[PDB]
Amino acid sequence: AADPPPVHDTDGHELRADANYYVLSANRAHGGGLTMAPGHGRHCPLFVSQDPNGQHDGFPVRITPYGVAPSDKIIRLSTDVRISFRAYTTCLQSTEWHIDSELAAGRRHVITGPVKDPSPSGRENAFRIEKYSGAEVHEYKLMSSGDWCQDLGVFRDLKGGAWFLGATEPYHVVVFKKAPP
């Protein structure tokens, strides 16, 4: 009761730090899972983006608690965690997520690869899974929680272009679908 409750997948089971999950849209008419893609003239590192096809699951991620690994290995709400894609990268580097310290295209993006503009804390890679007012069971929002607390949303240019996950409103409502080992 005191400790944060566990996060749950689409099958109602608790999220584990030793398993993989697709980060799907709660409303599939708004796109599919999350993946990696280059953007804004850049070739590397790859940006965390959202596949526009509601039928696609995107790439699976592995979630690890930020502090000391609990004996139960259960992912919990309001708890700092690290997120990384379990997928191949054409930039051949780290697939772990971190918030872009820069303001490319006048926007803060979630990106992968090496931290090029570090901070005194080394928390650029800290995130949290949270609930929200009026949220349906199994549905959640993601937040950057390193040197600030900010909801993650999706930048979509309906004119034709990659959709990128970054710091903006309104937040993206997601569900976690257990991925085959």
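Residue numbers run from 1 along the displayed sequence.
- Comparing 28 to 36 with 129 to 137, the stretch with the higher mean C-alpha B-factor in the PDB entry is 129 to 137.
- The PDB entry records a higher mean C-alpha B factor for 38 to 46 than for its counterpart among 38 to 46 and 51 to 59.
- Among 87, 81, 104, 110, the highest C-alpha B-factor in the deposited entry belongs to 104.
- Ranking 17, 162, 165, 23 by Cα temperature factor from the entry places 162 first.
- Ranked against the other modelled residues of its chain, the C-alpha B-factor of residue 153 as given in the entry falls in the lowest third.
- Sort the modelled residues of the chain by CA B factor and residue 144 lands in the middle third.
- Ranked by Cα temperature factor within the chain, residue 7 sits in the middle third according to the deposited record.
- Residue 91: CA B factor lies in the highest third for its chain, per the PDB record.
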